[PDB]
Number of protein chains: 2
Amino acid sequence: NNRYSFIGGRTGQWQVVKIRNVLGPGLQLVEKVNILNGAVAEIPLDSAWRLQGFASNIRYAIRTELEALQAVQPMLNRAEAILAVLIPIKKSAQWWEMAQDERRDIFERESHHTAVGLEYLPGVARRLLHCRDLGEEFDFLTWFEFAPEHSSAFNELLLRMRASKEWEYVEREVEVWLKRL
Amino acid sequence: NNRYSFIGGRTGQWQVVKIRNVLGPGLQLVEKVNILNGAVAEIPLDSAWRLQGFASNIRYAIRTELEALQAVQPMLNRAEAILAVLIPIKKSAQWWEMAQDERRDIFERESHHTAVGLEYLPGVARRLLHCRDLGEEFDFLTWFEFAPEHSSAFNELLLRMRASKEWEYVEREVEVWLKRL
Ligand code: HEM
Ligand code: HEM
Ligand SMILES: [Cl-]
Ligand SMILES: [Cl-]
């Protein structure tokens, strides 16, 4: 199954450390996030919100970028990676109406998204889900996990991304910080 | 709503003229196709099959290409567009694991998908839907409609595309030919 659901409420494998409502309307604070590998129609009891999205194909990265990523990126579920951060993102209509070269140019040529992210590997593990195509309020669910040592670096990475040309098209962002139970 | 469903069975706005099972397991012949703008979980009565997909953002076309398409491409549901073809396509794992430059190159540089297709506009209208990401048996639903004067031409277009490098990656294809009621 390529579909993943994230349920904020009173149960789950993760503990909410904090939520930062960076841009746009925020998400309600909850005790825990429950993550599932399937669609969930039945909104669980004592749960404030459901996010969902699917794993998909590459949309921007070229072969050499892929090769570079594969050489250093860590797997998920390292025993040390006890911290995680869920970051929903929505981009603007002006971004989506742009052609594929335009988007590619802003993504790597101007914002160096891959080159910058590579500096934070192997400390940081990541998963990218898509959800615009499902009719969700956000376009993307981004997932990061790392050991505490790397929390500082990760905060540094967030502030760099937010300074890029790419982030000018971002109209909604929340940080959910998590600790594995 | 970005989601479209296509049900084969005994009702619909379109009459099945024929079904050609081009490559891989085919679709059961039926009398009619019902086309809905939404999901359909409730498998309709006396129906053989259901295909669905969503309209999505551009994945390959560059801005100059988009400009050429917009100059000529017809709208859907012209009075004279009484013939249609629905063509589900599945591409191979090997296609899907390739990077974004690699697919772009096979699609346009080697296959000239857009340059070739542009020779058949404005006679042919088209819609493109995606459904790998929903876990369908097909990766894509393609939709083409035109006046009969253009049928021969449309047939030439199919044979050109299928001789392309792109089409070596296609592992399942069915043409459903229709007539408007
Ligand atoms: C930590 C290292 C990171 C690496 C190595 C990295 C790498 C990548 C790569 C290669 C893609 C393109 C995937 C594709 O072609 O389909 C991507 C997409 C994305 N990344 Fe990152 N990323 C990192 C961190 C982050 C962070 C911190 C954020 C946001 C807070 C972020 C947000 C995104 C978004 C939204 C996309 C999808 C872009 C779109 O389709 O418009 N990334 N990431
Ligand atoms: C009639 C003129 C045609 C034109 C102008 C045309 C144009 C295009 C364009 C520009 C794209 C790229 C969309 C994007 O970047 O998101 C595309 C995708 C596609 N076209 Fe065509 N097309 C035509 C006919 C056909 C026919 C007859 C078929 C199949 C029988 C076909 C199958 C496809 C498929 C499967 C894709 C998606 C490829 C992918 O995302 O991997 N096209 N078409
Ligand atoms: Cl990923
Ligand atoms: Cl289209």
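**Regarding the interface of chain B and chain A**
Moving on, step 1. On the chain A side, the residues contacting the 23 residues of chain B number 23 residues.
Moving on, step 2. For the pair chain B and chain A, the summed buried area comes to about 1,800 Å², and 42% of that belongs to carbon and sulfur atoms.
Moving on, step 3. On the chain B side of the interface with chain A, the three residues burying the most area are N57, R63 and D133 of chain B, jointly 30% of the side's total.
Moving on, step 4. The interface formed by chain B and chain A includes four salt bridges.
Moving on, step 5. Here chain B and chain A share 13 residue pairs in polar contact between them.
Moving on, step 6. When contributions to the side of chain B that touches chain A are tallied by element, the ones reaching two or more residues are α1 (63–72) and α3 (100–110) of chain B.
Moving on, step 7. No other element matches the four residues that α3 of chain B contributes to the side of chain B that touches chain A.
Moving on, step 8. Its residues assigned to classes, the side of chain B that touches chain A comprises 11 nonpolar, four polar and eight charged.

**Observations concerning the relation of the copies chain B and chain A**
Each of the two chain copies goes to the other by way of a rotation about an axis and a shift along it.
Moving on, step 1. With an RMSD of 0.1 Å, the fit of chain B onto chain A corresponds to turning through 180° and sliding 0.0 Å along the axis. The operation mapping one copy onto its partner corresponds to a two-fold rotation axis. Measuring from the rotation axis to each C-alpha of chain B, the shortest distance belongs to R59 of chain B, at 3.6 Å.
Moving on, step 2. Most of the interface of chain B is mirrored in chain A, where 100% of its interface residues are also at the interface.

**Let's talk about the pattern of salt bridges**
Moving on, step 1. The full count for this structure, using the stated rule, is 26 salt bridges over all chains.
Moving on, step 2. Between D105 of chain B and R109 of chain B there is a salt bridge, with its nearest N and O atoms 3.9 Å apart. Within this pair, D105 of chain B and its partner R109 of chain B are both found in helix α3, separated by four residues, close to a single helical turn.
Moving on, step 3. Residue class for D105 of chain B comes out partly exposed when judged on its relative accessible area of 31%.
Moving on, step 4. Put simply, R162, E173 and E175 of chain A are held in one network by salt bridges that share partners.

Quick notes on the rules
Residues numbered from 1 in each chain as written, not as in the entry; some residues may be left out. Chains lettered and ligands numbered in written order. Heavy atoms only, no water. Contact = heavy atoms within 4.5 Å. Buried area = accessible area lost by both parts, 1.4 Å probe. Salt bridge = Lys/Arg side-chain N within 4 Å of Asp/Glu carboxyl O. Polar contact = N/O pair within 3.5 Å; in protein donor to acceptor, adjacent residues only side chain to side chain. Helix = DSSP H or I, 4+ residues; strand = E, 2+ residues; numbered from the N terminus. Nonpolar A, V, L, I, M, F, W, Y, C, P; charged D, E, K, R; others polar. Least-squares fit on C-alpha atoms. Buried < 20%, exposed > 50% of the residue type's maximum accessible area, 1.4 Å probe, protein only.

Limitation: the analysis is restricted to geometry and does not speak to function.
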